[PDB]
Each structure stands twice: as structure tokens, then as C-alpha cells.
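Quick heads-up: the C-alpha cells below are two forms of one chain, split into structure 1 and structure 2.
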Structure 1
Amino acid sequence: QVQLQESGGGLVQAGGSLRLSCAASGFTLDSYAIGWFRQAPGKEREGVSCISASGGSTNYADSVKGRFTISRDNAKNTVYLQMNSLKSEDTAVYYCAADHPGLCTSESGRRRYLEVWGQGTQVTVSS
């Protein structure tokens, strides 16, 4: 019964900060690579950030690098997306994802992958 659940979204002013949370149940996210995606109105889904299984590295999309930070708290079984210096273009539904081929992990391995998705949280940045 593995699942993810996002929270923390809402309306925020441009230039401000917001922290999103992604809480796991039925498994612990400590040994899986986890990521955040977003999808803005009329646009395709976009990878935002990911953290490796070990937590030793993180990656950021070009549009968010230098502003967003992904982290993991194994004590709370939760992953965070810290979003600083928000812009109107960050307005989107944000989704977290755990253990997908290619998401801060190999895309060729033939082990079983959890391939879990959360349900989305709305972030609206008003300029």
C-alpha cells in the first residue's frame, strides 16, 4: 500500500518563499530516489528536482536552479521542496514521485521500481 501525499501549496507573492512536503506511507523514502515535477496550465509536465537514493546528490531543472532546494528527512519520512525567490512562472500543480527509472537513478536497470506518484499540490505565485 505504497503512497505519497503532497502538501504546503497555496497562494504566494512573487519574491517570496514556500516549502512543499511529500509524505510517504507504506514505505520509507530514505533508500529511494525521489523527485518533484510540475505542470503549468496548457504546458507539458516538467521535471523540477530530484535527490538520489543515498541523499549524496541533488539535481535541478534549468528553470529552478539556484532558487529551489530538494531535501529528505528520514525521521519524518518526508521529502521537501524549498522554493525561494518565487516567480509567476512557477505557478503550477506540483507532484512528487518515488523510484522511477531515470529519476536520479538508472534508466536501464531491470529491477522492480515502485514508480509511485503523489496527487498534486497547487502553487500560485502572484506578481
Structure 2
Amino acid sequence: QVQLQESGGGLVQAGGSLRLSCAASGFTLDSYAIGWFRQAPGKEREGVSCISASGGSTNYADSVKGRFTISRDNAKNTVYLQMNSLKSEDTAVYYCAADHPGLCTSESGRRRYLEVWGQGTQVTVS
């Protein structure tokens, strides 16, 4: 019942934009850090971005710095990944994750970590 669901994937030309949504259900993400990952074809899972519980800290993989912006809307229980200036190599399945050790949060805190994973939304950049 705790669950993450991604949307916003699409088919776009190089240089275009998308906004991915990571929507929580069965629980509120308000106090949790959220990360985005992707799997490009024939590649290992790549960390894309994360945002801290407060929203005050954000991380980006070097390859997407300046192009992608992560943000959170607690009221909508959703975290967004705005993707501008899309490139061919941004083509991948993208999925989010909530409350994992070292993912824009402490690597070991007191709390048991939720470690929720989503399902995926697909980005194709032609």
C-alpha cells in the first residue's frame, strides 16, 4: 500500500522538455527524501537526482546539471523532475525512490528506512 507512481514520460526531439512526476500513494512523502534514477538502454542503473525532506538540498548527476531541476510539492504529495535541453542519451526508463540511506538523507539514522521504489515512466529523445 505504500507506493510510488511515475508519469510524464514521452517522445520528444533533442532540445525539448518534459516534466516527470513521482506521486506517492498510501503514505505522505512530506518528511522523506526522494530520488530519481534511470536505465538507459544497455546500461546500468544511473542516479539522476535527489531532493531532501525539507527541499533545501538537491543533488544532480554531472551529466544533467543545469538541464534538470528537481522540486517537491508536499501538498500534492508529488516530486517533479523538470528536464530541459533533452539529449539523445537522456533516453531511458526513469523511476523514483523514497527514503533510502544516503539518498539526499543520512546514510544511517535511527529510523528504519522505508526504501520505497516506483515502477517507471519512459523518455525517448529522438
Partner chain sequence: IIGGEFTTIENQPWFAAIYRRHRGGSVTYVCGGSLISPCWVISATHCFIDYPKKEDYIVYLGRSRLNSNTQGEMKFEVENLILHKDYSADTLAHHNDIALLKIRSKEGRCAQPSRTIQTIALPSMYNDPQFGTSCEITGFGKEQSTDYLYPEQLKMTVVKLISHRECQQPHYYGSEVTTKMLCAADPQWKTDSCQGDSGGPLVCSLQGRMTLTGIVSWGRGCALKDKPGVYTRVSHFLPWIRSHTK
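For residue numbers, the reference is structure 1: its sequence is counted from 1. Shifts are known only where both forms have a C-alpha. Heads up, when I say rigid core I mean the largest set of C-alphas that superpose within 1.5 Å between the two forms.
- Annotation: structure 1 represents the form solved in complex with its partner chain, while structure 2 represents the other form.
- Once both forms are overlaid on the rigid core, the distance between the two CA positions of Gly16 between structures 1 and 2 is under 2 angstroms.
- Once both forms are overlaid on the rigid core, the distance between the two CA positions of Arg112 between structures 1 and 2 is under 2 angstroms.
- Superposing the rigid core and comparing between structures 1 and 2 gives a CA shift of 0.5 Å at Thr78.
- On the core-superposed pair, the CA position of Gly26 changes by 1.3 Å between structures 1 and 2.
- Under a 2 Å criterion for C-alpha shift, the lone consecutive stretch of 3+ residues that differs between structures 1 and 2 after core superposition lies at 108-111.
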